[PDB]
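One file, model_28.txt, carrying compact mmCIF, C-alpha atoms and all ligand atoms:
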```txt
# COMPACT_ATOMS: atom_id res chain seq x y z
CA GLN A 1 1.58 32.09 3.88
CA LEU A 2 3.06 34.31 1.17
CA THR A 3 5.93 36.76 1.47
CA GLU A 4 5.40 40.50 0.93
CA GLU A 5 7.07 40.18 -2.46
CA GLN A 6 4.98 37.34 -3.76
CA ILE A 7 1.78 39.11 -2.72
CA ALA A 8 2.84 42.28 -4.63
CA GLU A 9 3.69 40.26 -7.68
CA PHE A 10 0.44 38.34 -7.51
CA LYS A 11 -1.46 41.58 -7.08
CA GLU A 12 0.18 43.05 -10.22
CA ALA A 13 -0.79 39.97 -12.27
CA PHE A 14 -4.30 39.94 -10.84
CA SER A 15 -4.76 43.63 -11.68
CA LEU A 16 -3.63 42.99 -15.22
CA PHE A 17 -6.59 40.58 -15.63
CA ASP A 18 -9.00 42.77 -13.68
CA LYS A 19 -9.24 45.35 -16.49
CA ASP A 20 -12.50 46.87 -15.21
CA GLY A 21 -11.19 47.28 -11.68
CA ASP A 22 -14.11 45.70 -9.88
CA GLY A 23 -11.74 43.57 -7.76
CA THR A 24 -12.76 40.24 -9.29
CA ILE A 25 -11.90 37.97 -12.21
CA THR A 26 -13.83 35.08 -13.86
CA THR A 27 -12.89 31.44 -13.20
CA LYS A 28 -11.65 31.26 -16.83
CA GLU A 29 -9.30 34.21 -16.24
CA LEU A 30 -8.23 32.39 -13.04
CA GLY A 31 -6.63 29.50 -14.94
CA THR A 32 -5.01 31.84 -17.46
CA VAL A 33 -3.55 34.06 -14.72
CA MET A 34 -2.34 31.08 -12.71
CA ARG A 35 -0.51 29.67 -15.75
CA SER A 36 1.13 33.05 -16.41
CA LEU A 37 2.45 32.84 -12.86
CA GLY A 38 3.86 29.36 -13.43
CA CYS A 39 1.06 27.28 -11.89
CA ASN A 40 -0.13 24.43 -14.14
CA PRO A 41 -3.15 22.69 -12.61
CA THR A 42 -5.15 20.09 -14.50
CA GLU A 43 -8.80 20.85 -15.32
CA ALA A 44 -9.85 18.73 -12.36
CA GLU A 45 -7.46 20.31 -9.88
CA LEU A 46 -8.48 23.79 -11.00
CA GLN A 47 -12.19 23.06 -10.69
CA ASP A 48 -11.84 21.44 -7.26
CA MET A 49 -9.80 24.40 -6.07
CA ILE A 50 -12.52 26.74 -7.33
CA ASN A 51 -15.42 24.87 -5.69
CA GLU A 52 -13.43 24.57 -2.49
CA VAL A 53 -12.37 28.22 -2.14
CA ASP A 54 -15.28 29.85 -3.96
CA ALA A 55 -18.19 28.60 -1.83
CA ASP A 56 -20.79 30.62 -3.77
CA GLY A 57 -20.11 28.93 -7.11
CA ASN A 58 -20.90 32.16 -9.01
CA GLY A 59 -18.09 32.17 -11.54
CA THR A 60 -15.96 35.01 -10.16
CA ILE A 61 -13.23 35.13 -7.54
CA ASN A 62 -11.62 37.99 -5.70
CA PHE A 63 -8.07 38.91 -4.90
CA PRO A 64 -7.78 37.28 -1.46
CA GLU A 65 -9.40 34.12 -2.86
CA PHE A 66 -6.87 34.26 -5.68
CA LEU A 67 -3.99 34.62 -3.23
CA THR A 68 -5.26 31.60 -1.28
CA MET A 69 -5.28 29.48 -4.45
CA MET A 70 -1.84 30.66 -5.55
CA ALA A 71 -0.63 29.70 -2.06
CA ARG A 72 -2.21 26.28 -2.30
CA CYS A 73 -0.94 25.66 -5.85
CA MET A 74 2.56 26.57 -4.69
CA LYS A 75 2.47 24.30 -1.67
CA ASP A 76 1.22 21.39 -3.81
CA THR A 77 3.80 22.03 -6.49
CA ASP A 78 6.56 22.04 -3.91
CA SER A 79 5.35 18.85 -2.24
CA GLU A 80 5.20 17.00 -5.56
CA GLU A 81 8.71 18.15 -6.37
CA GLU A 82 9.97 17.14 -2.95
CA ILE A 83 8.46 13.69 -3.54
CA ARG A 84 9.96 13.34 -6.99
CA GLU A 85 13.38 14.24 -5.61
CA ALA A 86 12.84 11.76 -2.78
CA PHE A 87 11.93 9.09 -5.33
CA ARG A 88 15.06 9.65 -7.45
CA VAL A 89 17.06 9.05 -4.27
CA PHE A 90 15.62 5.63 -3.35
CA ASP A 91 15.46 4.50 -6.98
CA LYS A 92 19.27 4.35 -7.38
CA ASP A 93 19.37 2.94 -10.93
CA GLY A 94 16.52 5.22 -11.99
CA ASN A 95 14.59 2.42 -13.66
CA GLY A 96 11.40 3.70 -12.08
CA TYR A 97 11.01 1.01 -9.41
CA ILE A 98 12.27 0.91 -5.87
CA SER A 99 13.48 -2.60 -5.12
CA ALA A 100 14.02 -4.10 -1.67
CA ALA A 101 17.78 -3.82 -2.16
CA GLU A 102 17.42 -0.09 -2.88
CA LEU A 103 15.18 0.57 0.10
CA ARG A 104 17.82 -1.13 2.23
CA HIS A 105 20.75 0.65 0.58
CA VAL A 106 18.97 3.82 1.77
CA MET A 107 17.89 3.01 5.32
CA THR A 108 21.47 1.93 5.89
CA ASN A 109 23.14 5.03 4.44
CA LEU A 110 20.53 7.07 6.31
CA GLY A 111 21.38 5.64 9.73
CA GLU A 112 18.16 3.71 10.25
CA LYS A 113 18.70 0.08 11.20
CA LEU A 114 16.07 -2.44 10.20
CA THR A 115 15.90 -6.19 9.73
CA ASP A 116 15.54 -7.36 6.13
CA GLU A 117 12.13 -8.85 6.93
CA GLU A 118 11.14 -5.32 7.94
CA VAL A 119 12.72 -3.78 4.82
CA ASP A 120 10.72 -6.33 2.86
CA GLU A 121 7.53 -5.40 4.69
CA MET A 122 7.74 -1.71 3.79
CA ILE A 123 7.91 -2.88 0.17
CA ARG A 124 5.15 -5.50 0.54
CA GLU A 125 2.68 -2.95 1.88
CA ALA A 126 3.74 -0.18 -0.53
CA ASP A 127 3.70 -2.68 -3.40
CA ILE A 128 0.15 -2.37 -4.70
CA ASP A 129 0.24 -4.03 -8.14
CA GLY A 130 2.19 -6.94 -6.59
CA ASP A 131 5.38 -6.98 -8.66
CA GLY A 132 7.51 -6.89 -5.51
CA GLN A 133 8.61 -3.29 -6.08
CA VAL A 134 7.41 0.27 -5.60
CA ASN A 135 6.76 2.35 -8.74
CA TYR A 136 6.34 6.16 -8.58
CA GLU A 137 2.57 6.11 -7.99
CA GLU A 138 2.72 3.57 -5.18
CA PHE A 139 5.40 5.78 -3.73
CA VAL A 140 3.34 8.98 -3.72
CA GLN A 141 0.61 6.87 -2.13
CA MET A 142 2.93 6.25 0.83
CA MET A 143 4.21 9.82 0.95
CA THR A 144 0.97 11.80 0.69
CA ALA A 145 -1.14 9.19 2.45
CA CA A 201 -12.97 42.36 -13.09
CA CA A 202 -17.34 33.82 -6.04
CA CA A 203 15.36 0.92 -9.14
CA CA A 204 4.58 -2.48 -7.49
```
Would you mind writing the file's structure down as structure tokens?
Ligand SMILES: [Ca+2]
Ligand SMILES: [Ca+2]
Ligand SMILES: [Ca+2]
Ligand SMILES: [Ca+2]
Amino acid sequence: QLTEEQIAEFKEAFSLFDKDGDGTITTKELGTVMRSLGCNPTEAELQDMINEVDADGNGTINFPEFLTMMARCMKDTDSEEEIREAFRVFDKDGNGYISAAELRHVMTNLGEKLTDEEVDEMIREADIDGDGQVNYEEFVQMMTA
């Protein structure tokens, strides 16, 4: 869901790219307009968004489709940021790896009470590359999935 204000702003930007007024823009214009609004998807993310929202695959998208993608890109951008912030919290020394000690130092300060063996298990399962710690990627793997 978008607020009244965001929809009006998005409509103004969309109309700027819809010079002919036929109510649609090309998928190329889509990326350009999204970037002007502060959304920076990778080629892959953009294309998957397109194929997923634009079921006809004909190279043009309309205003409501555009709103739906701006909504999705905003949700995704907020999640990612929420996760990064969450990461910086666990990773106390900011060296890019969450150690067992740091996971503990957090469950404690949080209020959660867990036996060290259990603190170690969260790490063990999150730890994918087997270095005994959780890097950023292994972290987002636990958060998203
Ligand atoms: Ca147009
Ligand atoms: Ca279409
Ligand atoms: Ca650390
Ligand atoms: Ca690891």
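Minimum atom-to-atom distances from A:31, A:59, A:96, A:23 to residue 84 in chain A were compared using all atoms listed in the file, and the lowest value belongs to A:96.
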- Item | Point-to-point distance in Å for CA of residue 6 in chain A and CA of residue 74 in chain A | 11.1 Å
Each residue of chain A with at least one atom at most 10 Å from ligand CA 202 (chain A) should appear once, together with its nearest atom pair and the corresponding distance in Å (one decimal); atoms considered: only C-alpha atoms and all ligand atoms; ordering: chain, then increasing residue number; output as JSON lines.
```
{"residue": "A:24", "atom": "CA", "partner": "A:CA202", "partner_atom": "CA", "distance": 8.5}
{"residue": "A:25", "atom": "CA", "partner": "A:CA202", "partner_atom": "CA", "distance": 9.2}
{"residue": "A:26", "atom": "CA", "partner": "A:CA202", "partner_atom": "CA", "distance": 8.7}
{"residue": "A:27", "atom": "CA", "partner": "A:CA202", "partner_atom": "CA", "distance": 8.8}
{"residue": "A:50", "atom": "CA", "partner": "A:CA202", "partner_atom": "CA", "distance": 8.7}
{"residue": "A:51", "atom": "CA", "partner": "A:CA202", "partner_atom": "CA", "distance": 9.2}
{"residue": "A:53", "atom": "CA", "partner": "A:CA202", "partner_atom": "CA", "distance": 8.4}
{"residue": "A:54", "atom": "CA", "partner": "A:CA202", "partner_atom": "CA", "distance": 4.9}
{"residue": "A:55", "atom": "CA", "partner": "A:CA202", "partner_atom": "CA", "distance": 6.8}
{"residue": "A:56", "atom": "CA", "partner": "A:CA202", "partner_atom": "CA", "distance": 5.2}
{"residue": "A:57", "atom": "CA", "partner": "A:CA202", "partner_atom": "CA", "distance": 5.7}
{"residue": "A:58", "atom": "CA", "partner": "A:CA202", "partner_atom": "CA", "distance": 4.9}
{"residue": "A:59", "atom": "CA", "partner": "A:CA202", "partner_atom": "CA", "distance": 5.8}
{"residue": "A:60", "atom": "CA", "partner": "A:CA202", "partner_atom": "CA", "distance": 4.5}
{"residue": "A:61", "atom": "CA", "partner": "A:CA202", "partner_atom": "CA", "distance": 4.6}
{"residue": "A:62", "atom": "CA", "partner": "A:CA202", "partner_atom": "CA", "distance": 7.1}
{"residue": "A:65", "atom": "CA", "partner": "A:CA202", "partner_atom": "CA", "distance": 8.6}
```
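Atom pair CA of residue 115 in chain A / CA of residue 97 in chain A has a distance of 21.0 Å (rounded to one decimal).
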- Minimum-distance residue to residue 92 in chain A, chosen among A:104, A:39, A:18, A:47 (using all atoms listed in the file): A:104
- Message: Neighbours of ligand CA 204 (chain A) at 7 Å or closer, counting only C-alpha atoms and all ligand atoms: which residues, as a PyMOL selection string?
- Response: chain A and resi 127-135+138
- Message: 8 Å from ligand CA 203 (chain A) is the threshold here; counting only C-alpha atoms and all ligand atoms, which polymer residues fall inside it? Answer as a list in words.
- Response: residues 90, 91, 92, 93, 94, 95, 96, 97, 98, 99 and 102 of chain A
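Going from CA of residue 89 in chain A over to CA of residue 71 in chain A, you cover 27.3 Å.
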- Query: For residue 144 in chain A, which residue among A:46, A:7, A:123, A:83 is the nearest when counting all atoms listed in the file?
  - Reply: A:83
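Among A:12, A:4, A:109, A:17, the residue with the shortest atom-to-atom distance to ligand CA 201 (chain A), counting only C-alpha atoms and all ligand atoms, is A:17.
Ranking A:103, A:49, A:30, A:73 by their shortest atom-to-atom distance to ligand CA 201 (chain A), with all atoms listed in the file included, puts A:30 first.
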- Task: Please provide the set of residues having any atom within 12 Å of residue 21 in chain A, restricted to all atoms listed in the file, with same-chain residues fewer than 6 positions apart removed, written as a VMD selection string.
- Result: chain A and resid 14 to 15 62 to 63
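Minimum distance to ligand CA 201 (chain A) across A:142, A:9, A:2, A:22 (counting all atoms listed in the file) occurs at A:22.
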Give, as AutoDock Vina command-line options, the centre coordinates and the x, y and z edge lengths in Å to one decimal for an axis-aligned box around all listed atoms of range 3-7 of chain A, padded by 4 Å on each side.
```
--center_x 4.4 --center_y 38.6 --center_z -1.1 --size_x 13.3 --size_y 11.7 --size_z 13.2
```
Where atoms are missing, can you supply N, CA, C and O atoms for range 100-115 of chain A and output the lot as a PDB file, keeping the file's coordinate frame?
```pdb
ATOM      1  N   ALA A 100      13.707  -3.886  -3.080  1.00  0.00           N
ATOM      2  CA  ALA A 100      14.020  -4.100  -1.670  1.00  0.00           C
ATOM      3  C   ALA A 100      15.479  -3.710  -1.431  1.00  0.00           C
ATOM      4  O   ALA A 100      15.800  -3.001  -0.481  1.00  0.00           O
ATOM      5  N   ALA A 101      16.367  -4.159  -2.306  1.00  0.00           N
ATOM      6  CA  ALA A 101      17.780  -3.820  -2.160  1.00  0.00           C
ATOM      7  C   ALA A 101      17.998  -2.310  -2.062  1.00  0.00           C
ATOM      8  O   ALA A 101      18.823  -1.845  -1.273  1.00  0.00           O
ATOM      9  N   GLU A 102      17.270  -1.543  -2.874  1.00  0.00           N
ATOM     10  CA  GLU A 102      17.420  -0.090  -2.880  1.00  0.00           C
ATOM     11  C   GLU A 102      16.843   0.573  -1.632  1.00  0.00           C
ATOM     12  O   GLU A 102      17.354   1.593  -1.180  1.00  0.00           O
ATOM     13  N   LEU A 103      15.769   0.014  -1.098  1.00  0.00           N
ATOM     14  CA  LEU A 103      15.180   0.570   0.100  1.00  0.00           C
ATOM     15  C   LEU A 103      16.195   0.394   1.215  1.00  0.00           C
ATOM     16  O   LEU A 103      16.424   1.294   2.020  1.00  0.00           O
ATOM     17  N   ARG A 104      16.819  -0.778   1.232  1.00  0.00           N
ATOM     18  CA  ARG A 104      17.820  -1.130   2.230  1.00  0.00           C
ATOM     19  C   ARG A 104      19.045  -0.226   2.070  1.00  0.00           C
ATOM     20  O   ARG A 104      19.494   0.399   3.024  1.00  0.00           O
ATOM     21  N   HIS A 105      19.581  -0.164   0.859  1.00  0.00           N
ATOM     22  CA  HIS A 105      20.750   0.650   0.580  1.00  0.00           C
ATOM     23  C   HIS A 105      20.541   2.091   1.059  1.00  0.00           C
ATOM     24  O   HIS A 105      21.497   2.845   1.206  1.00  0.00           O
ATOM     25  N   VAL A 106      19.289   2.464   1.319  1.00  0.00           N
ATOM     26  CA  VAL A 106      18.970   3.820   1.770  1.00  0.00           C
ATOM     27  C   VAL A 106      18.790   3.926   3.275  1.00  0.00           C
ATOM     28  O   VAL A 106      19.285   4.864   3.888  1.00  0.00           O
ATOM     29  N   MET A 107      18.076   2.985   3.877  1.00  0.00           N
ATOM     30  CA  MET A 107      17.890   3.010   5.320  1.00  0.00           C
ATOM     31  C   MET A 107      19.259   2.899   5.979  1.00  0.00           C
ATOM     32  O   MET A 107      19.530   3.526   7.000  1.00  0.00           O
ATOM     33  N   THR A 108      20.126   2.098   5.377  1.00  0.00           N
ATOM     34  CA  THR A 108      21.470   1.930   5.890  1.00  0.00           C
ATOM     35  C   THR A 108      22.171   3.278   5.849  1.00  0.00           C
ATOM     36  O   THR A 108      22.427   3.880   6.893  1.00  0.00           O
ATOM     37  N   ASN A 109      22.460   3.754   4.638  1.00  0.00           N
ATOM     38  CA  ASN A 109      23.140   5.030   4.440  1.00  0.00           C
ATOM     39  C   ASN A 109      22.514   6.202   5.196  1.00  0.00           C
ATOM     40  O   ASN A 109      23.161   7.228   5.428  1.00  0.00           O
ATOM     41  N   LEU A 110      21.250   6.041   5.575  1.00  0.00           N
ATOM     42  CA  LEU A 110      20.530   7.070   6.310  1.00  0.00           C
ATOM     43  C   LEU A 110      20.912   7.020   7.791  1.00  0.00           C
ATOM     44  O   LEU A 110      21.112   8.057   8.426  1.00  0.00           O
ATOM     45  N   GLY A 111      21.028   5.809   8.329  1.00  0.00           N
ATOM     46  CA  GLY A 111      21.380   5.640   9.730  1.00  0.00           C
ATOM     47  C   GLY A 111      20.381   4.721  10.407  1.00  0.00           C
ATOM     48  O   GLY A 111      20.629   4.174  11.487  1.00  0.00           O
ATOM     49  N   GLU A 112      19.233   4.567   9.757  1.00  0.00           N
ATOM     50  CA  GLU A 112      18.160   3.710  10.250  1.00  0.00           C
ATOM     51  C   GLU A 112      18.604   2.261  10.148  1.00  0.00           C
ATOM     52  O   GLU A 112      19.192   1.843   9.149  1.00  0.00           O
ATOM     53  N   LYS A 113      18.325   1.492  11.191  1.00  0.00           N
ATOM     54  CA  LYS A 113      18.700   0.080  11.200  1.00  0.00           C
ATOM     55  C   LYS A 113      17.437  -0.766  11.263  1.00  0.00           C
ATOM     56  O   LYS A 113      16.654  -0.681  12.212  1.00  0.00           O
ATOM     57  N   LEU A 114      17.238  -1.584  10.239  1.00  0.00           N
ATOM     58  CA  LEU A 114      16.070  -2.440  10.200  1.00  0.00           C
ATOM     59  C   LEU A 114      16.359  -3.809   9.607  1.00  0.00           C
ATOM     60  O   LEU A 114      17.142  -3.951   8.665  1.00  0.00           O
ATOM     61  N   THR A 115      15.732  -4.823  10.188  1.00  0.00           N
ATOM     62  CA  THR A 115      15.900  -6.190   9.730  1.00  0.00           C
ATOM     63  C   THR A 115      15.331  -6.334   8.324  1.00  0.00           C
ATOM     64  O   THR A 115      14.311  -5.718   7.990  1.00  0.00           O
TER      65      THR A 115
END
```
